[PDB]
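A.B. asks: An experimental structure, sequence included, is below.
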Amino acid sequence: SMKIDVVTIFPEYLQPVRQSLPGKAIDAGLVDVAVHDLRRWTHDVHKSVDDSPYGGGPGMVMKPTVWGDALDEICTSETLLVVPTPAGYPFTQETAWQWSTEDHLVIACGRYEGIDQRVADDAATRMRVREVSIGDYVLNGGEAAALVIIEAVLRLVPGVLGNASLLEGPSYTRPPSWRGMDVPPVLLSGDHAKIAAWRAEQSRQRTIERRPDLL
Amino acid sequence: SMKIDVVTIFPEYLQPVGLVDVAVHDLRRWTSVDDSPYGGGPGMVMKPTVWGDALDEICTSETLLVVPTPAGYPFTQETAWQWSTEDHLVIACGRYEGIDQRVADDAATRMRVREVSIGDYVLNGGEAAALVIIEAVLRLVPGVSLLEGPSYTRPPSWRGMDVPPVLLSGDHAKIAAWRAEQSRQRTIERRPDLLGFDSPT
Ligand SMILES: N#Cc1c(-c2ccc3ccn(Cc4ccncc4)c3c2)n[nH]c1N
Ligand SMILES: N#Cc1c(-c2ccc3ccn(Cc4ccncc4)c3c2)n[nH]c1N
């Protein structure tokens, strides 16, 4: 039973999440995802969410006063506050497993150069805060990271998304022959110990080739 | 100029997307897209037949075929730079347990193919990975290491928390030095692998 609140200046970006949520999971009260426009907490007629960086530099920084108000309203002491950032701890499958049993995730999506650091630092004095990165590339903001985190986490919550070391090897299905390429005959052999060993060797070879760091 | 075509059985999920155009294609337009795996196992595999027909129409010999997969080569900022100067990306999004391996194998006989993963976690399909890849690449298209430290803006005191005073001092050398120190500190703590040290636990 998980509530996820996402805060963003581009709420439309989170549309895929609401799309991928089965009615049965919502009706059973297994999951609730709500998306909030950060500008609801702006102070001025211009709905300002950013300002120039202290110490100079390029880009802009999201305002602490706006974010502070948003998180004050949405979070409680029990919230796990997730803050995507290219400077975060790595988000991994282990992370996803840990977070899948949380009652309440709040994902604070930044833009520009990110969020004034005092927002996360202040929040961390009264709730659990996690600054994380989904990989070693640079995005424009936290929304795509939120999509990835939400999917990785919710697919581990029994019955929410509709789904049920070494790298996975190649997979095959019908037809047995296609554009001159036959499915490896071992897979049609009915020798299931041999099939498992073949799959194990494929996994080994692929890991050596594509992810030697895993070895 | 760059053209990006995304192929998926869930075109609705790609909604978040002059020098670049992005087009989304429903795979079913070329048809049941899946069946049980040869050799056994849980779940289903996408059949190569429908994919072959779709890619035949969409791809040329100059196309870079991108195939998200948890078993891919890592997609990194270096990859994003490399792909930023491509004329044509086609992103083939799988579902279920993935796409019959012969799709990528057949495609590689006529174009360049890249199987990639955006990170070490499991998704239900390629669509979210496609959005990440598109965003990382498009921000580098012409005409568009170490972890970054913290950023601050006004007011200089908030909830009794001060912006680090060096950032208000106007001393560029000291500001550069402090920012380097925060950055070093953060990398050691959060990503020691970037500086060639063992990863935690
Ligand atoms: N997680 C994660 C990420 C992000 C990410 C996340 C949040 C924000 C907010 C703002 N930006 C843009 C930006 C900020 C600083 N430096 C450069 C660009 C973000 C990027 N990029 N790459 C990842 N793996
Ligand atoms: N890039 C990337 C990915 C994916 C991903 C990508 C494409 C597909 C198609 C199908 N699935 C689901 C699946 C398949 C096999 N094993 C487990 C789950 C996908 C996952 N997961 N994690 C990543 N970093």
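C.D. replies: That came through fine. Residues are numbered from 1 along each chain as shown, chains lettered A, B, ... in the order given. Ligands and ions are numbered 1, 2, ... in the order given.
A.B. asks: Show me how the record splits chain A into domains.
C.D. replies: Per curated CATH domains, the domain ranges recorded for chain A read A:1-162, A:163-215.
A.B. asks: Just give me the neighbour total for residue A:62.
C.D. replies: Using other C-beta atoms under 10 Å in any protein chain shown as the criterion, residue A:62 is surrounded by 25 other residues. Just so you know, the C-beta spots here come from the backbone N, C-alpha and C atoms, and that holds for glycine as well.
A.B. asks: For it, grab phi and psi.
C.D. replies: phi -70, psi 140 (degrees, to the nearest 10).
A.B. asks: coming back round to it: now the domains of chain A in a markdown table, please, with extra columns for distance to residue B:132.
C.D. replies: Below are the domains of chain A laid out as a markdown table (distance: least, C-beta to C-beta, whole Å):
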| stretch | distance to residue B:132 |
| --- | --- |
| domain A:1-162 | 5 |
| domain A:163-215 | 18 |
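A.B. asks: tell me the most buried of those domains?
C.D. replies: domain A:1-162 (a mean of 19; mean count of other C-beta atoms under 10 Å in any protein chain shown).
A.B. asks: quick one on the thing from earlier: and the domains of chain A: which comes nearest residue B:179?
C.D. replies: Smallest distance to residue B:179 across these (C-beta to C-beta): 7.1 Å, for domain A:1-162.
A.B. asks: Minimum distance to residue B:146: which of the domains of chain A has it?
C.D. replies: Closest approach to residue B:146 among these is made by domain A:1-162 (9.3 Å; C-beta to C-beta).
A.B. asks: so how far is that closest one from its chain's centroid?
C.D. replies: 9 Å (C-alpha atoms, centre = their mean, to the nearest Å).
A.B. asks: quick one: secondary structure of the residue nearest the centre of chain A?
C.D. replies: Closest to where the C-alpha atoms of chain A average out (C-alpha atoms, centre = their mean) is residue A:149, at 1.2 Å. Classification of residue A:149 by DSSP: H, G, I helix; E, B strand; the rest coil places it in helix.
A.B. asks: That one reaches residue A:109, doesn't it?
C.D. replies: No: judged on C-beta atoms under 8 Å, residue A:149 makes no contact with residue A:109 at a distance of 10.4 Å.
A.B. asks: anything in the strand ranked longest in chain A near ligand 2?
C.D. replies: Longest strand of chain A, by residue count under DSSP state E: strand A:80-90. No: Strand A:80-90 is not in contact with ligand 2 by C-beta under 6 Å from any ligand atom; minimum separation 12.3 Å.
A.B. asks: What strands line up against that strand, and which way round?
C.D. replies: Here strand A:80-90 is paired, per DSSP bridges, with strand A:104-108 (parallel), strand A:128-133 (parallel).
A.B. asks: rewinding a little: shared neighbours of residue A:149 and residue A:109, anything?
C.D. replies: Residues touching both residue A:149 and residue A:109 by C-beta atoms under 8 Å, 6 or more residues apart in numbering or on different chains: residue A:84.
A.B. asks: quick one: which of the strands paired with strand A:80-90 is nearest ligand 1?
C.D. replies: Across the strands paired with strand A:80-90, ligand 1 has its closest neighbour in strand A:128-133 (4.2 Å, C-beta to the nearest ligand atom).
A.B. asks: could you dump that closest one to CSV, C-alpha only?
C.D. replies: Coordinates of each C-alpha in strand A:128-133 appear next as CSV, following Å, rounded to 0.1, in the frame of the first residue of the first chain:
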residue,chain,number,x,y,z
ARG,A,128,14.6,10.3,5.7
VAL,A,129,16.1,11.9,2.5
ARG,A,130,17.8,10.1,-0.4
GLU,A,131,19.7,11.9,-3.1
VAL,A,132,20.0,9.5,-6.0
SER,A,133,21.1,9.2,-9.6
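A.B. asks: Give me the contact list for that strand.
C.D. replies: Strand A:128-133 is contacted from outside by A:79-91, A:95, A:120, A:123, A:145, A:149, B:190, using C-beta under 8 Å, 6+ apart.
A.B. asks: Please list which of the residues you listed also come close to ligand 1.
C.D. replies: A:84-86, A:88, A:145.
A.B. asks: Show me the contact partners of the longest helix along chain A.
C.D. replies: Determined from DSSP state H, the single longest helix within chain A is helix A:192-210. Outside helix A:192-210, the residues within contact range by C-beta under 8 Å, 6+ apart are A:166-170, A:184, A:186-187, A:189, A:214-215, B:39-40, B:71-73, B:115.
A.B. asks: Stretch A:16-23 too?
C.D. replies: Contacts made with stretch A:16-23 from outside it, assessed by C-beta under 8 Å, 6+ apart, are listed as A:6, A:31, A:33, A:35, A:147, A:150-151, A:159-162, B:10, B:12-16, B:124, B:127-128, B:131.
A.B. asks: what about stretch A:203-215 and ligand 2, touching?
C.D. replies: No: figure legend: stretch A:203-215 not in contact with ligand 2 (C-beta under 6 Å from any ligand atom); closest approach 11.7 Å.
A.B. asks: I'd like the distance from that stretch to the chain centre, please.
C.D. replies: In terms of C-alpha atoms, centre = their mean, the centre of stretch A:203-215 is found 25 Å from the chain centre.
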